[PDB]
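In what follows, a single structure is set out as structure tokens and then discussed.
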Amino acid sequence: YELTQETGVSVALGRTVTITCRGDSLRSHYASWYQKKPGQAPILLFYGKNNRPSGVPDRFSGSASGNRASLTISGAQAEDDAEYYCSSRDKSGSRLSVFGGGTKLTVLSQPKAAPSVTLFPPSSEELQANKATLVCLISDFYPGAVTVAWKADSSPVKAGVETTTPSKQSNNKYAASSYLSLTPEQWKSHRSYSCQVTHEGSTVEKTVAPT
Amino acid sequence: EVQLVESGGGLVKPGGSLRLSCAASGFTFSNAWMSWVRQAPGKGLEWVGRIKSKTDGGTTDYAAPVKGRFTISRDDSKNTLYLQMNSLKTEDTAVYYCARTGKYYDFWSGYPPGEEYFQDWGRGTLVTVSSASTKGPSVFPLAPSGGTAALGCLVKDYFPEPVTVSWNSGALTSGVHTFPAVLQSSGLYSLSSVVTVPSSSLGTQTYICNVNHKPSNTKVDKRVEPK
Ligand SMILES: [Zn+2]
Ligand SMILES: [Zn+2]
């Protein structure tokens, strides 16, 4: 992204939290801020230095310094659970707006729980069909925001990756999964593969190796 | 007061075309600049194009990945905004939003000046570009390798959703997780199910995952054995 935001943040009821977007173009431009709840239309919360649309709660405020734009919620309420996006003019000056990648805000309503991660290698049956999938299963975590990264022999793997957005389990914790697609030759030619799962900045890593 | 309702979403094959409509009410449509914004399944928000009001030039602008393929138009007499999408690519799969846009100024000294905010939005409509047709899954075992072991089943390359997974015909529910499916660029889906079992039970208890894909009339069982 041209504007970078953290994937997720949490806050206890009534406390203050700040969501920040960073980018070189914010040194020269102001940003606008949006809330999007699951399945709902986005709402404009704030723009510039002091513009809050009618109907937006007073606890939402925007600010800017250096290469950062921030949205501060002063007294988080349960209804503030949502994705939050910043937007600003394209760094090129072009007549175009760009968006950050979004920050999932969780207003804590149960205890935090770390992801349980299990990484499976390709099955012998799948390899016999001349395919290979590594399967990274991530369960029982809260808040429901994680980032997943893959590596092989210390090098990030970007191609062949598909990762689900977290979804709530019947036990009210979250689950997610990530898949790395490889040829059988690729699988066998590297020493080890890893799935790294980051939850509020804390990384859990599992590794598998051919044989 | 303001409402925007996008419609027209659907499944279309690559190379095909689709027209979206956005019906607007609660504001003076003829005065409004309007935009389309989209969100691909995992990757945030992306401006698609805009049309100015008729009192202004009524002209259009488009994002680079979309120029030459998408056309934006408006019928003020029906308070409707359109997005004609032609020569669609897998890359165009996304939720498509209609938005009323506004302008404000910051302290950038460039030209033309002005920030654009998205003052009102619709809920969006899903567009899926895929060459997939109904297809049953292939099922692979995920073999077990504090006194407990995880085993599972990989349910690969099916269409459409959903698949149902049980263990031991429903007798095993404790410690089961069946995960949301992933949508591949092929348009096909894959999902996994895992169960955590006592390690002492491996090789005396049989674990079978039962996979049901109703659109393809597929009902397949797979035994998951230790390595
Ligand atoms: Zn600006
Ligand atoms: Zn954690």
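Quick reminder, even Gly has a Cβ in these numbers, built from the backbone with ideal geometry, and neighbours come from all protein chains shown. Bear in mind that the values in this text are calculations on the coordinates, not laboratory data.
Of note:
- Averaging 1/r across all pairs of distinct Cα atoms in the stretch B:132-227 and inverting the result yields a Kirkwood radius of 13.6 Å.
- Rounded FRET efficiency, nearest 0.05, which uses the C-beta distance separating A:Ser181 from B:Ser25 and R0 of 51 Å: 0.65
- Extension gain, A:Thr207-A:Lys188: 0.36 nm per intervening residue step, less the Cα-Cα distance, totals 5.4 nm.
- Under 9 Å, Cβ to Cβ, from A:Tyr142 - net charge with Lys/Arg +1 and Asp/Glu -1: +1
- Near-label residues of the stretch B:181-203 by backbone N, under 20 Å of a point 7 Å along Cα→Cβ of A:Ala129: B:181-195
- The count of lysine pairs in the stretch A:59-211 with alpha-carbon distances below 24 Å, taking only pairs 8 or more places apart or on different chains, stands at 18.
- Fraction of alpha-carbon pairs over 16 Å apart in the stretch A:1-86 - percent: 51
- Its Kirkwood hydrodynamic radius, worked out from the mean inverse distance over all distinct Cα pairs, puts chain A at 19.1 Å.
- Linear extension gain, B:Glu161 paired with B:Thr206, 0.36 nm per residue minus alpha-carbon span: 13.4 nm
- The calculated pair-distance distribution of chain B uses every alpha carbon pair, bins of 5 angstrom beginning at 0, and gives 1, 6, 12, 13, 12, 9, 9, 8, 7, 7, 6, 5, 3, 1, 0, 0 percent.
- Only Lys, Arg, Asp and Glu carry charge here, each on its Cβ (+1 for the first two, -1 for the last two); on that basis the stretch A:1-109 has a dipole of about 280 debye about its Cα centre.
- Pair A:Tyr1, A:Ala113: separation of 7 Å Cα→Cβ label points (nm): 2.7
- Given charges at Cβ of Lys, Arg, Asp, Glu: the protein assembly as shown dipole, positive-most of B:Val155, A:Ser189, A:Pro166: A:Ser189
- Histogram of C-alpha separations across the stretch A:111-211, 5 Å bin width, %: 3, 13, 25, 22, 16, 11, 7, 2, 0
- Residue separation of B:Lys54 and B:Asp76 scaled by 0.36 nm, minus their Cα-Cα distance, works out to 7.0 nm of gained length.
- Charge context of B:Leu191, other residues only, Cβ under 10 angstrom, K/R +1, D/E -1: 0
- For the peptide B:113-126, the mean number of other protein chain Cβ atoms found within 10 angstrom of a residue's Cβ is 5.
- Counting charges near B:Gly136 (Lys, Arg +1; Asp, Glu -1) among other residues having Cβ under 13 Å from its Cβ returns a value of +2.
- Cα-projected label distance for A:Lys168 with B:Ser199, points at 7 Å along beta-carbon direction, nm: 3.5
- For A:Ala132, the residues whose modelled amide H falls within less than 5 Å of its own, excluding neighbours fewer than 5 places apart on the same chain, are A:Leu182.
- Spin-label pair B:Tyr105/A:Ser74, simplified geometry with 7 Å Cα→Cβ offset, distance in nm: 2.9
- When all alpha carbon pairs of the protein assembly as shown are counted in 20 Å bins from zero, the resulting P(r) reads 23, 51, 24, 2 %.
- Net charge dipole size for the protein assembly as shown [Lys, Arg +1 and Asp, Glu -1 on Cβ; Debye, nearest 20]: 300
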